Each structure stands twice: as C-alpha cells, then as structure tokens.
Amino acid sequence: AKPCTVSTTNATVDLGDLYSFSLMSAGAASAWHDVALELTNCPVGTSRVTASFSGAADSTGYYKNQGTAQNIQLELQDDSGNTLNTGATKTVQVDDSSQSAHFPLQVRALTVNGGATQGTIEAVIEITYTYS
C-alpha cells in the first residue's frame, strides 16, 4: 500500500539518573519510560502499518549500551507485554478518522548479570515501516 508520512522521525526517551547501588544485583532494572512513534496523512487504502526494529544487541539479546556505563542493557516493549528486540516487528491499524497510526512503546534499563558501572547510557533503535 501507499506509505504514510512519518511524523516522529526521531524520538528520545530519557531514563534519567540511575544509581549503581540500585543496579548492583543481577536482575535489577529501572522503571519503564514511555516513548511513541506516529505516522500521519495515511492514504486511503492503507489500513496497517508494520514497524520493524533493529539495533545493536549484546549477548543477553537486549539492546547494547553504547555509552560508557558497563553491564547495562536496554529493553524495548510495546504496550502489551511484547519485547521488541532486534528484528522484531509490531503492526497497528490505521485510524481512518484521523488518517494516522501510532506505536506506544516503553523502555527500561536492566542489568542481566549485575554490577552496572558509572557512566552514560546511549542506544539507538532504528525503525523501518511497511504498509499494507
């Protein structure tokens, strides 16, 4: 189908300041933080948008931190309990009343192996859309 206009070409989510002591134990994590993607001006006949996710993963399968903090990975989910690790897809319906589509998502940091170290958190997840 014909494509929509990507409204949110870049989106940021700031996990803020996390604390090494709170991320010392294996399995520790931050709270979930929202982020969303939006498409607009969806042509008549286009009723579904599929987002395909990609980004650098580490040995836990989650997204790798590219910042200086060690032993931190990043988890992306949708709003329904599905993890969207690299290669995942998510499909949503176009809202005909507004000719728009949106993807409500959430991100957290977690330390699978424990012992997160001080430094920055930086990661980028890329999304390509297909239309049907």
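Counting begins at 1, following the sequence as shown.
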Taking the deposited Cα B-factors and averaging over 45 to 53 and over 83 to 91, the higher mean is found in 45 to 53
Assert higher mean C-alpha B factor (70 to 78 or 93 to 101, deposited values) equals 93 to 101
Split the chain's modelled residues into thirds by Cα B-factor; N10 lands in the middle
By the entry's values, the third containing the CA B factor of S22 is the highest
Chain thirds by Cα B factor, record data; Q106 belongs to the lowest
In terms of its chain's C-alpha B-factors, the third that includes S59 is the middle
